[PDB]
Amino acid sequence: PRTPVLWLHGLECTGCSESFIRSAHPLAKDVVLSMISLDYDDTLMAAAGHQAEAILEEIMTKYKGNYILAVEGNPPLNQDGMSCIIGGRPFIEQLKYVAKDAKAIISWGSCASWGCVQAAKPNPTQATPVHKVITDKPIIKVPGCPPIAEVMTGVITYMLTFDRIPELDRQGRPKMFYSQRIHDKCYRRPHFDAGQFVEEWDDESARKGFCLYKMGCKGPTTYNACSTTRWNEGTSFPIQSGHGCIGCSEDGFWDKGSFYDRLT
């Protein structure tokens, strides 16, 4: 008996779903076929419309208090909630309905965790993170835009193995993935420590992989596994490929000034 996952989509870009299917260890194929029962997910599900809607009630009844609700994106509070319409009704109604009998709630990515891009000023839809709407359930935040593939599947793997939510920090993030700042283990840290910085794109310093702090790197204030776990089966991460961290796993990163403005 595989644990049912009901994966809802609010206001989002679907980058979190895309990241999830990049996982190499475990393969998303193996997650879907052998680990969970992915019973609702707009991106991949066969059923549409009325047939899709009927799945929710069926799983919620049969697996009451024993399914995981995964939320990608977030609910808008402006436009009477109808800036995100599902089945002719506000997404917020679907969210609240499915949340009520969930064993656990995963807020995938910065959208569900904090608001992400749509919640940046002036937030025309009043997009609101899941934990501000669902206030009576345990929620795990898995921030990042999107989070690393293996972080997402790593959360699922822990939850299925132990039937527990992993240990969380004060912001609700799993300590197993978000205890380190990018800057802690960044391979460019020796350059930072030696005062060796890029000043302009493609200068001699950039060609020698010098630290990107003066180009706006937010690694010193951003908690994620990018410098160690890295991206796409450890191929690279933003800093290795030459762009500073933009702080994409941190609450409100879009409104902390230009990405190219250095920390003070």
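Numbers follow the displayed sequence, beginning with 1.
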Can you let me know which of the two, 20 to 28 or 245 to 253, has the higher average C-alpha B-factor in the entry? 20 to 28
192 to 200 versus 65 to 73: which one carries the higher mean Cα B factor per the record? 192 to 200
From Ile239, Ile59, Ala47, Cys226, which pick has the Cα B-factor that tops the rest in the entry? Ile59
Which of these, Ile165, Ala112, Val151, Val117, has its C-alpha atom at the highest B-factor, as the entry lists it? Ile165
Assert third(CA B-factor, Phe91) within chain per record equals middle
Determine, from the deposited record, the chain-internal third of the Cα B-factor for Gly219: lowest, middle or highest. middle
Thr135 - which third its CA temperature factor falls in, relative to the rest of the chain: highest
Sorting the chain's modelled residues by C-alpha B-factor and splitting them into thirds places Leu6 in the middle
Sorting the chain's CA B-factors, does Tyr178 end up in the lowest, middle or highest third? middle
